[PDB]
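Chains as they are written, first to last, in the entry's author numbering: chain A, 67 to 482; chain B, 69 to 482. Note that the Cβ used here is the ideal one computed from N, Cα and C, for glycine as well. Take a look at the structure below.
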Amino acid sequence: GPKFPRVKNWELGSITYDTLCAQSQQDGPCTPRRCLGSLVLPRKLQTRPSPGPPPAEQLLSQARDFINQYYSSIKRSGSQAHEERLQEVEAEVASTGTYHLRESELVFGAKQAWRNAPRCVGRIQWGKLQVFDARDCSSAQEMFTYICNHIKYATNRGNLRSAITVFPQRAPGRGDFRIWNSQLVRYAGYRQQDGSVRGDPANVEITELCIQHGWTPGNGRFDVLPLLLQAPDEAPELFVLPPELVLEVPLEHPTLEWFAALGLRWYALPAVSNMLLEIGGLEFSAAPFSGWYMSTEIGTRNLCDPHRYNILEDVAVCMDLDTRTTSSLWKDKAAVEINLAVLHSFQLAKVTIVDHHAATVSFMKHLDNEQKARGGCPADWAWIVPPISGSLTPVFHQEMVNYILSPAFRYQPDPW
Amino acid sequence: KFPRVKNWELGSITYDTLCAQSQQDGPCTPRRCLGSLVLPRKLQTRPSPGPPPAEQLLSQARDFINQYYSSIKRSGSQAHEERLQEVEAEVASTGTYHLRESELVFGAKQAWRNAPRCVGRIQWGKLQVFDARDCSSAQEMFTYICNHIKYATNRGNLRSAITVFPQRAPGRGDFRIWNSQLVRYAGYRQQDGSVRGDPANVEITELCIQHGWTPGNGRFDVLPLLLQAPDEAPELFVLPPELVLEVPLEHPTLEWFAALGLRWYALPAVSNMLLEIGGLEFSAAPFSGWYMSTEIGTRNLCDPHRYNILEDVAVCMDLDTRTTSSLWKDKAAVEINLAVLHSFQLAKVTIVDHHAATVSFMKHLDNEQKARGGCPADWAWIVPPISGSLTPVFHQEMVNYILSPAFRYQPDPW
Ligand code: HEM
Ligand code: HEM
Ligand SMILES: C[C@H](O)[C@H](O)[C@H]1CNc2nc(N)[nH]c(=O)c2N1
Ligand SMILES: C[C@H](O)[C@H](O)[C@H]1CNc2nc(N)[nH]c(=O)c2N1
Ligand SMILES: NC(=[NH2+])NCCC[C@H](N)C(=O)O
Ligand SMILES: NC(=[NH2+])NCCC[C@H](N)C(=O)O
Ligand SMILES: [Zn+2]
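What follows is the structure, given as structure tokens:
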């Protein structure tokens, strides 16, 4: 039959063909000899610090491609405005080596990048993104105001709104704009005398980096880290976030009264801030984005991973479960309750949150929408299926095709 | 070239060099990954009415024979030389050859070892291989299958076993076991198009009734076996109720769970896959080990397209099945899985929970990294259907590729 990947949903028995993967213009990590689909950071997208200006010839084709995408999105492909905009980009790349995006083109690409994100289960909201332009920003100090502005708008007092803030793109020879922190809001990791860690083990490096840069560290298990903002060709400056802007939620269980005594808590705004946003060849090294949490992110990964807060055993001891044997599913039982606590604690604090059931269901809807609009959707199975109750959600039964489409968010090396 | 594989829970790293030995291609390409697809659009095992190119077959045979003599530290020896010549000789003359019982036993164990989707491979070295190649009739197959079931079950102390029937032969129908598993509960399509029993077995259940089986009206009705001998319509055989050990499902604390009257058989025995060793193909080579609790309690009982008993239990547990955020589903999924472990443990039948099971797989990865420099694993199948990140495999990067000997999927006989 058709000569594109055949995709099946074993739950409903339905079939589809992904023709959108044909538009992919960037190889991934797999090969016919072996699949590397479960790898987190395959050395592919890795936008290494390319010093010398991009091959004019190359950047141009990537640029003419994005432009075409833009005019098609506005249903004016082949028109005179389109061809002129094309001539305009080619011209500016011939006399400078780079080029600039128009306001509406940035908003377009910003959304396409989210839309194209293979690992994001919340893409059904892709059409609703508040893009804040900040390509005028000229200081690590200015970078701090924008971020604070963003956190204020995105948080919206518990009624979260998706957004992204785009800072200046890269310029040949000139240093990048960077946010050293992985997220705009993260908890510190304190290395100990015994070698263990206090707080979030994930953020041990950045914490060590904030201290080596002037921050006077605290000693709690949930201290909000300061921000390290790097303007072009300058050492980064350290900025502390105003406690009022950083909204948090204490965690309690709906019926296990003792859970509140655990003193666990999490912030409301998830803001990935270390990824690179690539549009038509241009590379925006600092373009933090944020939406709203999906409960398993907190209640299973952050709170239960062996290398994170790892609270599974403490909570199981409290529920008086048999932790001396795996066949009692003590881990499964506690993990469920901890997740319920996160859901319940955000609902009570009136903060936006979505569970893995509701979430995944909406992603199925997003899949069906994209099947019609683009002929498929690039999705990373291992990442779309929730860390708990996999087959209990519909995505587990949906085969998925993963590939790279541009615009896009890519991982990028740490500035240090 | 050699993939770097990391474990994010420990921060460890390794280089899979074994993937280098892959002579077969998968579904992925640099343009896009198709690793989450269940079946190969093309990797199918097309008919064998015609013989396979003497060259192709000959190289896969030389390779297997080389592998076999390595495993017994007798490489380059005389026996090795003379065994290669025997194969050269048979191939050239009949366009095929045959395996020595010892070699077959070696293949089987390797096939299991190379199976990317099997999480129980730490046991790969302990496989009871039954040679049933001197089988000429469907009635004979039934006896073999009946003995395998008896041996495999062993009163509840399951033991891994595989039975290998005649290999495939040019212009000759394949010996085939029509059923997907040796034991499976019937799926009867009732009035409102719904289904009584096991929805996955609606088709096979209909083929049996079509060949004269007297169906029942129950959810858990042990289906009969439709064994087929070359170029001959299949035969119907009913499995002796005693040989079919079954487990009644109840709950450690929830008194009413038994009420639901659920039950499940003890012997998991895939019977529709094809075993390929050194180019030879065995269209009928059933194998069995023992269940991992999640296969029954999560997929079989809770899949929406299986017994889909998730809501019932939730209601009995008096759960807020109103909204999703009450996690009524996750809650019932756990109990049902516990009930499976409890029931099997109470009936003294072998079973392994997913935590215990994935822990042994981690070891296997280690043992294999040291023995071959890697281990082909399908992450989507190795990670349990529930409590995924709660197990260690969730945090383990894996490489997937095809090695031979190997188990493959093949077309349905009808
Ligand atoms: C509004 C609700 C949204 C939800 C519920 C959602 C949810 C998710 C989840 C569950 C993940 C994986 C988290 C993890 O495993 O670490 C993810 C990853 C991602 N999301 Fe979203 N997302 C949302 C908004 C956004 C926005 C606003 C953007 C971009 C403009 C976006 C871009 C991405 C990208 C690039 C990734 C992958 C990052 C990585 O590899 O760590 N998401 N999202
Ligand atoms: C000793 C106990 C064993 C355990 C606990 C075990 C467990 C598993 C599990 C959980 C799966 C995934 C099943 C599914 O979701 O469909 C699997 C797949 C598989 N196992 Fe095992 N296994 C065992 C023994 C064996 C034996 C004896 C063989 C072969 C000689 C074998 C060959 C395979 C293969 C080829 C697959 C993939 C089957 C498919 O594609 O449907 N396993 N095993
Ligand atoms: C090793 C494995 O790829 C890794 O643990 C992946 C699996 N799936 C995931 N899925 C999501 N959403 N987030 C993750 O961090 C991961 N980690
Ligand atoms: C579509 C998806 O590939 C499919 O549902 C897979 C996922 N993981 C699985 N894992 C195991 N162990 N067994 C299966 O049958 C599956 N099915
Ligand atoms: N819903 C989101 N936008 N998530 C972004 C990633 C959040 C990250 N997994 C965390 O637990 O903090
Ligand atoms: N442990 C095994 N031998 N599993 C074989 C596959 C069993 C199949 N998943 C079932 O539940 O019927
Ligand atoms: Zn792949």
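I believe residue i touches residue j by the beta-carbon criterion, under 8 Å. Please report the beta-carbon distance rounded to the nearest angstrom.
{"i": "residue 399 (chain A)", "j": "residue 385 (chain A)", "result": "7 Å"}
{"i": "residue 247 (chain A)", "j": "residue 313 (chain A)", "result": "Incorrect: roughly 17 Å between the Cβ atoms, too far for contact."}
{"i": "residue 358 (chain A)", "j": "residue 226 (chain A)", "result": "4 Å"}
{"i": "residue 475 (chain B)", "j": "residue 183 (chain B)", "result": "5 Å"}
{"i": "residue 430 (chain A)", "j": "residue 461 (chain A)", "result": "7 Å"}
{"i": "residue 351 (chain A)", "j": "residue 478 (chain A)", "result": "7 Å"}
{"i": "residue 331 (chain B)", "j": "residue 316 (chain B)", "result": "5 Å"}
{"i": "residue 347 (chain B)", "j": "residue 120 (chain B)", "result": "7 Å"}
{"i": "residue 394 (chain A)", "j": "residue 387 (chain A)", "result": "6 Å"}
CB-CB under 6 Å to residue i, same chain, minus the five flanking residues each way: which ones, in chain order?
{"i": "residue 369 (chain B)", "result": "375, 377, 404"}
{"i": "residue 255 (chain B)", "result": "263, 265, 266, 267, 269, 270, 273"}
{"i": "residue 432 (chain A)", "result": "189, 190"}
{"i": "residue 421 (chain A)", "result": "361, 409"}
{"i": "residue 473 (chain B)", "result": "175, 178, 179, 345"}
{"i": "residue 224 (chain B)", "result": "416, 417"}
{"i": "residue 428 (chain A)", "result": "190"}
Helix, strand or coil: which one does DSSP assign to residue i?
{"i": "residue 324 (chain B)", "result": "helix"}
{"i": "residue 376 (chain A)", "result": "coil"}
{"i": "residue 360 (chain B)", "result": "strand"}
{"i": "residue 444 (chain A)", "result": "strand"}
{"i": "residue 310 (chain A)", "result": "coil"}
{"i": "residue 268 (chain B)", "result": "helix"}
{"i": "residue 70 (chain A)", "result": "coil"}
{"i": "residue 140 (chain B)", "result": "coil"}
{"i": "residue 125 (chain B)", "result": "helix"}
{"i": "residue 287 (chain A)", "result": "coil"}
{"i": "residue 92 (chain A)", "result": "coil"}
{"i": "residue 155 (chain A)", "result": "helix"}
{"i": "residue 468 (chain A)", "result": "strand"}
{"i": "residue 106 (chain B)", "result": "coil"}
{"i": "residue 278 (chain A)", "result": "coil"}
{"i": "residue 82 (chain A)", "result": "strand"}
{"i": "residue 331 (chain B)", "result": "strand"}
{"i": "residue 474 (chain B)", "result": "strand"}
{"i": "residue 101 (chain B)", "result": "strand"}
{"i": "residue 368 (chain A)", "result": "helix"}
{"i": "residue 303 (chain A)", "result": "strand"}
{"i": "residue 112 (chain B)", "result": "coil"}
{"i": "residue 134 (chain A)", "result": "helix"}
{"i": "residue 77 (chain B)", "result": "coil"}
{"i": "residue 317 (chain B)", "result": "coil"}
Go through its chain and collect everything with a Cβ distance to residue i's Cβ below 8 Å, but skip five positions before and after it.
{"i": "residue 382 (chain A)", "result": "389, 396, 397, 399, 400"}
{"i": "residue 349 (chain B)", "result": "113, 116, 235, 236, 342, 343"}
{"i": "residue 186 (chain B)", "result": "180"}
{"i": "residue 482 (chain B)", "result": "246, 275"}
{"i": "residue 71 (chain B)", "result": "83, 84, 87, 467"}
{"i": "residue 366 (chain A)", "result": "401, 404, 405, 452, 453, 454"}
Only counting the same chain, and skipping five residues up and downstream in sequence, which positions put a Cβ closer than 7 Å to that of residue i?
{"i": "residue 305 (chain A)", "result": "210, 292, 293, 295"}
Contact between the segment 454 to 463 of chain A and the segment 73 to 92 of chain B (3+ Cβ pairs under 8 Å)
Result no; under three Cβ-Cβ pairs closer than 8 Å.
* Asked: Could you give the uninterrupted runs of the beta strand (DSSP E) lying entirely in the segment 162 to 216 of chain A, keeping only those of 3 residues or more?
  -> 196 to 199
Check whether the segment 70 to 82 of chain A and the segment 307 to 320 of chain A touch, using three or more Cβ-Cβ pairs below 8 Å as the test. no
Please give the ranges of any beta strand (DSSP E) in the segment 385 to 409 of chain B, keeping only runs that are unbroken, at least 3 residues long and fully inside the region. none
Open item on the list: So within the segment 213 to 268 of chain A, which uninterrupted beta strand (DSSP E) runs reach at least 3 residues, ignoring any that extend past its ends?
Closed with: 229 to 232, 255 to 257, 263 to 265
query: Does the segment 193 to 205 of chain A come close enough to the segment 221 to 233 of chain A to have 3 or more Cβ pairs within less than 8 Å?
result: yes
**Item:** Validate contact between the segment 464 to 472 of chain A and the segment 97 to 104 of chain B using beta carbons, cut 8 Å, 3 pairs
**Value:** yes
Practice problem: Starting from the N-terminal side, write out each stretch of the alpha helix (DSSP H) that is 4 residues or longer and does not extend beyond the segment 417 to 466 of chain A. | Solution: 422 to 440, 447 to 450
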